Amino acid sequence: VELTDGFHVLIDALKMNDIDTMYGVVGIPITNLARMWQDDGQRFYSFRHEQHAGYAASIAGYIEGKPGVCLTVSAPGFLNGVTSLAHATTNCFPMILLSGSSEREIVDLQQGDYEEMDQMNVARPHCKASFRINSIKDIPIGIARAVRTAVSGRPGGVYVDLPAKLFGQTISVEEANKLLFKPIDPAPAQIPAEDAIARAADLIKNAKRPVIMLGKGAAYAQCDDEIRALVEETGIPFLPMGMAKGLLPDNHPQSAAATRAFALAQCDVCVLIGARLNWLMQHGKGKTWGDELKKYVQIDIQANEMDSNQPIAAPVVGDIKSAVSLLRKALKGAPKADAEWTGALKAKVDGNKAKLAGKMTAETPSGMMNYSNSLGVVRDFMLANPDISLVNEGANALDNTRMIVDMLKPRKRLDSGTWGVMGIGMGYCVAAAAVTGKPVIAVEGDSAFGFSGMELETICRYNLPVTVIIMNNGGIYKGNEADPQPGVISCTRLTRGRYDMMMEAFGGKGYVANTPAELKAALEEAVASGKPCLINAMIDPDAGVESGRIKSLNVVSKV
Amino acid sequence: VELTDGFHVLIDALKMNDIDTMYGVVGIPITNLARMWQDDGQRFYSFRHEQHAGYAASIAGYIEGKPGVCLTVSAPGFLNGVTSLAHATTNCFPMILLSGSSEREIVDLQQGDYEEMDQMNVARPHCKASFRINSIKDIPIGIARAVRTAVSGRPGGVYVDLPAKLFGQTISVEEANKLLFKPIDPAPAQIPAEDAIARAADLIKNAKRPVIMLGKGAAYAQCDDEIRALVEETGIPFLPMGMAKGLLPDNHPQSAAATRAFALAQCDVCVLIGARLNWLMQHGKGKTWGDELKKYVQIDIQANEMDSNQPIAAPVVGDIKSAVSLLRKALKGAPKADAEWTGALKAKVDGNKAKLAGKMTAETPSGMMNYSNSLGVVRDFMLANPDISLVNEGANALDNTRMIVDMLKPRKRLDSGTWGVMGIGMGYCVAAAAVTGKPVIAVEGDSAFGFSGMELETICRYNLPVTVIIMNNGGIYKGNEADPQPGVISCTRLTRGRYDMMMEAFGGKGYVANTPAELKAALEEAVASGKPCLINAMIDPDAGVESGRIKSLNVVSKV
Amino acid sequence: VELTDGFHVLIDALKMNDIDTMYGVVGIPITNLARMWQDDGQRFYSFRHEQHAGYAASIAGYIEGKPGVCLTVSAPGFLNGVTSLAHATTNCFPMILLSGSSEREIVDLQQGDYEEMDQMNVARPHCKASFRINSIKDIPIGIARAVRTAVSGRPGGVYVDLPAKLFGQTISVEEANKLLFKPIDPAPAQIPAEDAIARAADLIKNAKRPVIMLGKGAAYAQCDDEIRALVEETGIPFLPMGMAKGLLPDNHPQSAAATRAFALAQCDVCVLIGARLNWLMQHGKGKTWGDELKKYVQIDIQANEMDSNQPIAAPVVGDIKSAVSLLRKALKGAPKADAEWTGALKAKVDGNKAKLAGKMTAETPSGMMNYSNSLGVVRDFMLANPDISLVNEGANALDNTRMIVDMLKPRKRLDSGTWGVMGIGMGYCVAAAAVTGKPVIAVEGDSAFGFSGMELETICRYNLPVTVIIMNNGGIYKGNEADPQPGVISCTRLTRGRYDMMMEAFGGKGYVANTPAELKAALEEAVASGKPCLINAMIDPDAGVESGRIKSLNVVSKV
Ligand SMILES: CC(C)(COP(=O)(O)OP(=O)(O)OC[C@H]1O[C@@H](n2cnc3c(N)ncnc32)[C@H](O)[C@@H]1OP(=O)(O)O)[C@@H](O)C(=O)NCCC(=O)NCCS
Ligand SMILES: CC(C)(COP(=O)(O)OP(=O)(O)OC[C@H]1O[C@@H](n2cnc3c(N)ncnc32)[C@H](O)[C@@H]1OP(=O)(O)O)[C@@H](O)C(=O)NCCC(=O)NCCS
Ligand SMILES: CC(C)(COP(=O)(O)OP(=O)(O)OC[C@H]1O[C@@H](n2cnc3c(N)ncnc32)[C@H](O)[C@@H]1OP(=O)(O)O)[C@@H](O)C(=O)NCCC(=O)NCCS
Ligand SMILES: Nc1ncnc2c1ncn2[C@@H]1O[C@H](COP(=O)(O)OP(=O)(O)O)[C@@H](O)[C@H]1O
Ligand SMILES: Nc1ncnc2c1ncn2[C@@H]1O[C@H](COP(=O)(O)OP(=O)(O)O)[C@@H](O)[C@H]1O
Ligand SMILES: Nc1ncnc2c1ncn2[C@@H]1O[C@H](COP(=O)(O)OP(=O)(O)O)[C@@H](O)[C@H]1O
Ligand SMILES: Cc1ncc(C[n+]2csc(CCOP(=O)(O)OP(=O)(O)O)c2C)c(N)n1
Ligand SMILES: Cc1ncc(C[n+]2csc(CCOP(=O)(O)OP(=O)(O)O)c2C)c(N)n1
Ligand SMILES: Cc1ncc(C[n+]2csc(CCOP(=O)(O)OP(=O)(O)O)c2C)c(N)n1
Ligand SMILES: [Mg+2]
Ligand SMILES: [Mg+2]
Ligand SMILES: [Mg+2]
């Protein structure tokens with residue numbers, strides 16, 4: 001005659017869908033779900049703010065391809081978590097945000113309930129679907145919907161609202177076991193038509209100057225050998241987007257990443273694989289594409305992404321593994337890309353890399369490192385230790401790290417993404433550490449870091465093998481902007497503080513690095529320790545430029 | 001350097017996407033769009049209310065498989081039209097609502113502009129996507145995005161906001177030539193994996209009492225010979241939903257439609273093809289399905305529709321043509337459905353139809369026909385004249401017509417749909433007439449009809465071959481409900497009026513049919529005439545039941 | 001031990017708040033509420049579409065100053081009703097939209113429930129507040145909130161969602177009577193500060209060329225003697241907005257309505273009383289105000305309406321009765337407005353009225369009346385019969401009727417309003433007839449009429465003393481627009497049909513008027529009959545201009 005309850009049926013339902021981890025912050029009305037999650041034997045990571053719990057869930061979805069689960073409380077907690085859900089949806093990362101909510105009777109009459117919000121309706125602009133499980137019997141189906149909505153199609157955020165009265169509901173164990181079920185094939189393959197592939201095959205076979213653009217959807221797809229086999233069999237030069245670095249090793253001879261401007265302006269055919277033609281690509285128009293409409297081949301699971309920005313000549317709609325498998329067989333035996341195109345790009349790549357190596361070896365005063373020589377140490381380390389996640393965010397700290405730090409392994413580089421978010425660092429660190437079981441290095445702008453810095457304590461509390469490298473130049477872009485008025489600090493200034501001391505305040509290992517040699521030693525020691533560390537790398541306050549590579553996007557007064 | 005403007009570029013862009021028809025109502029700011037559309041040699045149907053121009057667009061989309069286009073004015077006009085957009089999206093009908101909108105400056109500051117509304121944001125819940133084209137250079141891409149969103153994936157409504165200032169913008173004709181383009185493959189094939197098909201084939205193969213449910217998604221797919229070859233090769237009994245009637249001829253030997261309750265309740269495997277397990281299927285639970293969980297196969301283009309209500313043993317995700325084509329090859333040579341199961345349902349169907357024949361053949365007083373003998377006439381007409389669109393809405397008027405009137409051809413029956421909308425009648429009539437160029441018969445409940453009845457004048461003004469049959473029983477369900485108080489008319493009562501006089505008021509032909517013989521002679525004459533007609537079929541006020549077949553869904557006071 | 005239920009507690013609660021009338025359309029899940037409303041002895045008006053039920057509720061709120069109550073069904077019915085709620089909110093008319101909705105469990109998981117919609121969340125852009133009563137015990141409080149939100153502050157639409165499961169809930173009679181209560185003072189007076197009034201008093205006392213603008217909020221206020229006493233004591237010339245006609249008799253010697261352009265362009269101080277400076281006033285800027293910022297005094301209950309468009313020099317925030325009472329005492333004994341300002345305007349008024357009388361007496365062919373001589377008959381009739389509601393809508397039909405037809409009594413003229421809505425006519429007629437118990441005349445554009453025409457049957461079914469005058473010129477603005485192509489009708493054309501026949505089809509009295517004399521006789525006979533009548537006034541198809549007075553707002557192609 002045994003009875004179960006809503007707490008347990010939700011635990012069983014999440015387990016049934018292969019969820020063993022949540023990230024969140026406890027409190028009414030969901031503390032005892034968090035407790036019982038752990039009692040059952042599943043891991044819960046408590047954070048210092050729900051936002052960073054949510055950035056954690058978001059990147060766990062990217063890495064694994066099953067939704068990261070974030071757990072928050074009502075109204076204020078939910079709001080913090082849904083800013084992260086918003087982010088997940090924008091980047092196409094599977095993520096379920098679960099939140100407690102209050103009394104339906106009181107919320108609907110807007111009477112002033114404890115943490116009152118229509119969280120279901122507030123979530124809607126920020127996810128693919130916003131649900132609410134009202135009754136115990138619908139938990140399994142409710143969770144199935146959330147998982148399918150997150151993983152299927154273009155993947156993304158789902159919000160599941162959990163009224164406080166869901167949890168204390170009861171049901172027989174025989175009924176619950178009756179209702180509990182595991183979805184068949186929640187992220188199905190979607191195969192494109194033969195003519196879609198043949199139209200693409202035609203454009204590529206006739207290309208004089210082809211290029212392949214790999215985006216983070218391609219990385220997410222987890223079909224690395226087959227994407228690489230496409231590149232190698234076709235002989236086509238390729239470029240990775242920010243988080244597509246390492247999908248093919250960044251030192252692959254066919255990479256044109258070190259000659260991007262030229263390669264994009266001069267190509268005729270451009271093969272977009274899991275890459276939107278959004279602002280990161282200047283919308284497929286302007287001088288970055290030579291002021292012309294290229295012949296775009298585009299592979300994407302989202303049908304209506306095609307023609308979003310420019311006319312796509314060969315739209316291939318489907319999942320990237322399926323599409324790429326067919327395109328390869330379609331291109332089988334075709335001649336390789338033009339040898340004087342591939343040669344021209346390689347000569348540019350060689351030359352630009354020789355030029356960068358010169359900057360990385362240059363000497364600077366103690367405590368006045370620049371971005372080249374500081375990050376040249378991380379470059380060298382990551383070439384030797386590739387099986388490590390690189391978390392990265394900032395302006396100059398992000399741009400220069402993407403240029404300098406070669407990724408040899410896929411799904412390791414985790415950065416600001418589609419929205420250029422400052423705030424993802426410490427959440428990404430916890431999640432990368434949790435889901436990989438391997439070391440994490442973070443290259444943080446100091447401003448960037450301030451958006452999630454308190455989570456240092458969380459990294460310490462779980463004893464995670466994470467090394468936070470702070471690029472401490474004392475401000476946003478630069479740390480030397482003049483006081484606008486007598487004794488008034490500039491808006492872009494930050495305290496050139498002892499972030500190493502802060503790390504040590506919570507049981508972490510703090511370092512200061514005033515030279516490339518000090519940073520090299522500290523990084524090697526930090527990673528090898530297998531312990532929470534922070535390296536306070538001292539960068540020249542005059543080293544950076546305004547907004548890094550995207551300076552031109554700034555609005556300036558001409559009066 | 002000759003110039004063109006927004007008016008002409010929009011027209012060209014629409015034409016390039018194979019749109020040649022718009023349904024709407026003119027006025028500030030879009031009257032001169034409609035005129036210029038007509039001047040260019042395309043067709044504009046002006047209605048008496050935008051809702052009906054809208055329902056006209058939605059069903060044009062269903063029948064043609066390219067989106068119907070509704071044009072309306074700002075705030076109030078838009079609102080009227082958006083209610084129809086909502087319905088399209090709910091029914092998976094491709095549709096685009098183009099609405100003029102007011103001044104951004106003024107609307108954004110909520111200052112009280114002419115017909116002030118943020119129509120783009122207000123449209124959000126009622127459509128797949130809600131766009132705005134602010135600039136003349138973005139019209140080709142804006143129209144491409146609208147088209148692709150309406151017809152790709154699960155089809156549905158798209159709203160496109162056309163601010164007043166868009167139209168008077170100018171651009172060189174040469175630059176406009178450069179910007180105009182035709183989307184490649186806007187409604188692409190999506191093919192399922194081998195193992196998804198193999199799982200479904202193995203369910204069907206080992207089924208003891210299988211059944212195929214055909215929904216209006218299977219009808220919409222326009223792969224009638226694939227769907228029929230699957231039914232006939234597998235030997236599986238099938239059942240159509242309201243608008244799937246005629247996809248296979250309703251009198252097909254394998255149809256278990258006339259024995260639905262017993263087939264649904266007793267099947268072990270149920271193959272849903274373009275049919276949601278929503279309220280029309282009692283959500284796959286309850287007495288209707290014998291209080292058990294069936295083994296569902298389900299073919300649908302929308303991945304997250306699976307497990308929406310009940311677990312789906314074999315989910316096959318893709319477009320129905322692609323999926324059915326593959327499933328057919330997988331099952332090739334497999335035994336046909338159990339003979340004692342197909343024959344058992346056939347005996348049930350024969351005896352059931354023989355019972356209905358007796359009801360249709362029976363005799364009633366003059367001016368007091370029932371639903372059987374009145375609609376028995378329309379049944380006979382449509383069997384001999386199947387190439388005619390059948391528009392249908394009401395309670396008893398709908399339910400009984402669905403039962404009685406056999407459809408032998410696909411995409412002819414157009415009814416209330418997923419939301420059970422009273423109001424679709426006269427717009428459906430105008431669009432069916434315009435896109436098919438063939439006759440239409442409408443079986444309208446007298447209440448149903450009053451939601452769109454003023455559009456008789458539209459049907460007359462365009463001289464359309466539409467024969468509206470009003471089932472005039474004098475109210476909602478029944479026309480005899482007693483006066484609740486002395487000299488106070490009940491809320492369900494309607495004037496048992498001369499709808500024939502109303503039709504003739506606008507130049508149409510009117511009939512009153514008091515007997516089956518009078519209805520038959522009027523229908524044969526009306527349909528043969530090729531002119532706008534209305535038959536006022538006088539039905540017994542006491543012939544109906546509460547809410548028809550779904551009378552149990554009513555909430556009653558038990559005190 | 002007696003039990004009541006949700007149906008009855010809602011009836012008692014509405015009764016308790018002085019509601020004795022609803023307008024709507026029945027069907028699941030609210031038919032038996034409608035039935036029991038009547039059983040109890042309260043009136044229910046069933047319409048042919050929920051939209052017009054809602055336009056009825058909206059104008060019943062304006063007229064009475066207690067919210068009009070509209071009742072609809074779920075999803076599709078709600079949508080139709082909420083287009084009207086939207087309208088109520090925009091015009092500041094108190095109105096409660098009550099709608100049935102479906103199962104919370106199924107709607108929240110978006111599973112496909114009968115008429116599935118989050119109606120509560122869909123309503124939000126279109127009302128002041130959107131509530132949902134989930135439980136029987138909260139009905140009295142739920143209704144109290146709705147009534148207060150509708151009547152208090154700036155009055156407006158409220159949506160109350162009524163889940164199907166609300167109605168079948170039970171409670172003891174002693175509990176229900178315990179919970180049932182009548183709000184104290186739901187539309188409270190709001191008195192402005194002495195300095196607000198003194199700032200206004202200062203501007204008026206120093207005015208060389210003052211004008212008072214009366215809007216429909218002033219009419220709604222129901223303080224006619226005191227508003228008139230302000231005008232008369234100050235000697236200031238005044239202008240009424242569309243529905244403020246008759247607040248003071250339109251033939252008042254101080255009216256500058258017949259010299260509007262001059263009065264507005266030339267004034268220094270402008271006293272806005274319950275009138276927004278929205279598009280109806282060209283936003284307080286441009287040539288209609290002489291290209292200058294006037295010194296505006298503005299009385300409004302909505303604090304943040306001040307400075308919405310132009311800087312307001314003397315903002316007086318409060319309810320108009322309270323404000324006007326204080327301003328009068330503040331102006332007591334002050335000299336009257338400049339005699340050569342008042343004289344100059346009177347000379348213009350006299351002259352322009354003499355000019356209009358000349359057009360009203362001019363002869364036209366049979367069946368080719370113009371707007372002056374046709375409406376000059378209605379003018380003369382309304383001067384003799386002022387205690388009658390004039391419903392009015394159209395382009396030329398509205399503009400010319402506002403100019404020509406003098407209202408001597410307040411809250412009688414009911415027109416298209418802030419949004420210039422075509423669709424309000426027949427609903428306004430039913431409601432005006434219901435709440436006044438007196439005759440109604442409608443002056444309808446023929447296009448205008450088509451948006452609500454089927455409700456003719458509703459007017460007949462309740463035997464209402466309503467006379468519909470159709471201004472039948474055969475189209476939108478004009479009825480003579482050339483066929484754009486061979487045998488293709490223009491988009492602005494309408495059938496010059498026999499709307500008299502349509503009226504008679506439902507038991508009404510139909511007239512055709514081909515001359516002013518025929519229209520005069522028909523109108524006198526129609527009103528005096530006390531019965532549902534329609535007069536099909538035949539207007540010259542070439543008589544009207546594009547969009548009437550607001551022609552310049554049209555967007556035209558210059559290429
Ligand atoms: C928008 C964006 C995609 C544009 O790309 P980009 O910066 O112009 O190009 P890349 O970052 O790939 O490369 C930078 C330059 O270094 C060069 N380079 C790249 N890799 C190199 C390598 N390994 N060795 C030598 N040179 C290299 C490239 O050639 C390029 O210069 P080029 O344009 O003259 O060819 C990119 O700047 C970006 O992802 N921005 C994110 C900014 C953000 O969101 N942060 C927060 C906002 S303040
Ligand atoms: C909900 C719904 C799908 C349920 O299906 P249903 O009505 O029970 O089943 P059908 O309409 O297919 O068939 C009706 C009955 O007539 C019988 N029948 C069907 N076709 C027949 C035929 N041509 N000859 C003889 N009998 C027939 C069936 O056996 C069935 O009864 P059963 O339960 O004993 O088997 C259906 O009622 C529906 O589409 N409702 C829409 C109503 C609506 O929109 N309401 C408007 C607002 S009030
Ligand atoms: C926008 C609006 C407020 C502007 O006001 P307007 O039309 O310029 O001014 P009025 O309607 O009060 O008066 C019209 C003219 O007739 C004159 N007039 C008014 N009453 C008169 C009378 N009784 N005798 C003689 N002349 C009169 C006025 O002097 C004015 O002309 P003027 O500007 O040269 O002085 C007005 O046109 C309006 O309410 N429009 C509504 C349109 C709508 O919503 N319909 C649907 C849109 S198509
Ligand atoms: N499995 C998959 N197969 C194909 N496309 C995918 C898959 N997962 C995600 N996508 C698509 O990949 C794209 C990711 O692009 P974007 O986030 O812009 O990448 P980047 O910023 O790296 O260019 C999205 O358009 C998304 O629809
Ligand atoms: N071309 C297509 N291929 C596959 N599925 C489709 C296609 N077009 C529409 N659909 C699906 O068909 C379904 C229609 O179901 P529904 O509207 O409930 O039909 P019914 O009411 O007849 O059961 C939707 O779930 C939709 O996603
Ligand atoms: N009792 C009241 N006292 C004061 N102001 C009111 C009252 N009721 C409504 N109002 C205000 O009256 C105004 C009505 O203006 P509007 O609808 O633009 O009128 P018009 O169109 O006639 O100019 C609104 O701004 C509203 O806030
Ligand atoms: C939440 C959020 N706030 C603000 C910004 C704008 N922004 C871009 S980069 C940046 C910080 C740049 O400074 P830093 O992280 O120290 O990198 P640096 O250039 O100094 O190396 C900010 C605030 C943002 N992208 N996200
Ligand atoms: C817009 C809208 N309003 C109300 C309803 C509720 N409703 C369902 S059926 C129906 C009409 C039933 O009467 P009728 O059309 O005459 O069919 P009958 O049963 O009398 O044959 C109504 C109003 C609805 N479905 N849609
Ligand atoms: C719901 C809605 N649709 C469209 C319009 C645009 N509109 C303004 S007036 C008008 C009709 C004008 O014709 P009519 O009513 O016959 O008046 P007339 O000028 O011919 O006398 C229309 C459709 C509107 N205001 N509201
Ligand atoms: Mg910095
Ligand atoms: Mg009826
Ligand atoms: Mg007209």
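Lettering follows sequence order; numbering is per chain, from 1. Worth knowing before you read on, the calculation uses all heavy atoms, side chains too, and leaves out hydrogens, waters and symmetry mates.
A side-chain donor from one of B:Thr492 and B:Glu481 sits under 3.5 Å from a side-chain acceptor of the other.
Contacts of B:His87 with chain C are absent, with no heavy-atom separation under 4.5 Å from either backbone or side chain. Neither the backbone nor the side chain of B:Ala395 has a heavy atom closer than 4.5 Å to any heavy atom of chain C. Contacts between B:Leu79 and chain C at a heavy-atom distance below 4.5 Å involve backbone atoms as well as side-chain atoms. When heavy atoms are compared at a cutoff of 4.5 Å, B:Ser547 approaches chain C solely by way of its side chain, counted from C-beta outward. Residue contact with chain C, scored on non-hydrogen atoms closer than 4.5 Å, involves the side chain of B:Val25 exclusively. Contact annotation for B:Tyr114: both backbone and side-chain heavy atoms come within less than 4.5 Å of a heavy atom of chain C. Proximity to chain C (any heavy atom under 4.5 Å) is restricted, for B:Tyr477, to the side chain, taken from C-beta onward. For B:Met36, the part lying under 4.5 angstrom from a heavy atom of chain C is the side chain only. B:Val559 touches chain C through backbone and side chain together, each having a heavy atom under 4.5 Å away. Neither the backbone nor the side chain of B:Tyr45 comes within contact range of chain C; no heavy atom of the residue lies under 4.5 Å from a heavy atom of that chain. Heavy-atom distances place no part of B:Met503 under 4.5 Å from chain C, backbone and side chain included. In this structure, the portions of B:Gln111 lying under 4.5 Å from any heavy atom of chain C include both its backbone and its side chain. The parts of B:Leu494 that come within reach of chain C are both its backbone and its side chain, each placing non-hydrogen atoms under 4.5 angstrom from that chain. Both the backbone and the side chain of B:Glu504 come within contact range of chain C, each with at least one heavy atom under 4.5 Å from a heavy atom of that chain.
For the set B:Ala448, B:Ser452, B:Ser46, the count of heavy-atom pairs under 4.5 angstrom toward chain C peaks at B:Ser46. The most heavy-atom pairs under 4.5 Å with chain B, out of C:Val421, C:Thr170, C:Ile489, come from C:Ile489. By number of non-hydrogen pairs under 4.5 angstrom with chain C, the leading residue of B:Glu305, B:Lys165, B:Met117, B:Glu546 is B:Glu546. Interface remark: of the candidates C:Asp39, C:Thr458, C:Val26, C:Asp113, C:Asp113 forms the most heavy-atom pairs closer than 4.5 Å to chain B. Counting heavy-atom pairs closer than 4.5 Å to chain B, the top residue among C:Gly453, C:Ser490, C:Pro125, C:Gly168 is C:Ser490. Among B:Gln110, B:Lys558, B:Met454, the residue with the largest count of heavy-atom pairs under 4.5 Å with chain C is B:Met454. Highest contact tally toward chain B, considering only C:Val82, C:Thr418, C:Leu280, C:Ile106, is held by C:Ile106 [criterion: heavy-atom pairs under 4.5 Å]. Interface remark: of the candidates B:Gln51, B:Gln38, B:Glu2, B:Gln38 forms the most heavy-atom pairs closer than 4.5 Å to chain C. Interface check for chain B: of the options C:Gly100, C:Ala75, C:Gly497, C:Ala505, the most heavy-atom pairs under 4.5 Å are formed by C:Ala505. If you tally non-hydrogen atom pairs under 4.5 Å between each of C:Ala164, C:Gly510, C:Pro484 and chain B, the highest count goes to C:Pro484. Of the listed residues (B:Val556, B:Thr495, B:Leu109, B:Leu553), the one with the most heavy-atom contacts under 4.5 Å to chain C is B:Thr495. For the set B:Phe449, B:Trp37, B:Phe7, the entry with the most heavy-atom pairs within less than 4.5 Å of chain C is B:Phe7.
Checked for salt-bridge contact, B:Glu457 and C:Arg496 miss the test: no charged N lies under 4.0 Å from a carboxylate O. Taking the charged nitrogens against the carboxylate oxygens, C:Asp483 and C:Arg493 do have a contact shorter than 4.0 Å, which makes a salt bridge. In summary, B:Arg276 and C:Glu116 do not engage in a salt bridge, as defined by a charged side-chain N under 4.0 Å from a carboxylate O.
Heavy-atom minimum distance, B:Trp279 versus B:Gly417: CZ2-O, 4.4 Å. Considering every non-hydrogen atom in both C:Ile424 and C:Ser416, the closest pair reads CG1-CA, 4.1 Å. Taking every heavy atom of both residues into account, C:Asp5 and B:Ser557 meet most closely at OD2-OG, 2.8 Å. B:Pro532 and B:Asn463 make their closest contact through CD-OD1, 3.6 Å (heavy atoms, listed as atom of the first residue, atom of the second, distance). The two residues C:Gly423 and C:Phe451 have their closest heavy-atom pair at CA-CB, 3.6 Å.
A heavy-atom distance below 4.5 Å is found between the side chains of B:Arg48 and B:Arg461. With contacts defined as side-chain heavy-atom distances shorter than 4.5 Å, the pair C:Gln310/C:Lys285 qualifies.
Between B:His283 atom NE2 and B:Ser308 atom OG the span is 9.5 Å, to the nearest 0.5 Å.
Aromatic rings from B:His52 and B:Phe47 are positioned such that their centres are separated by 6.0 Å or more. Checked against a 6.0 Å centroid threshold, the rings of B:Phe44 and B:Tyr23 do not count as neighbours.
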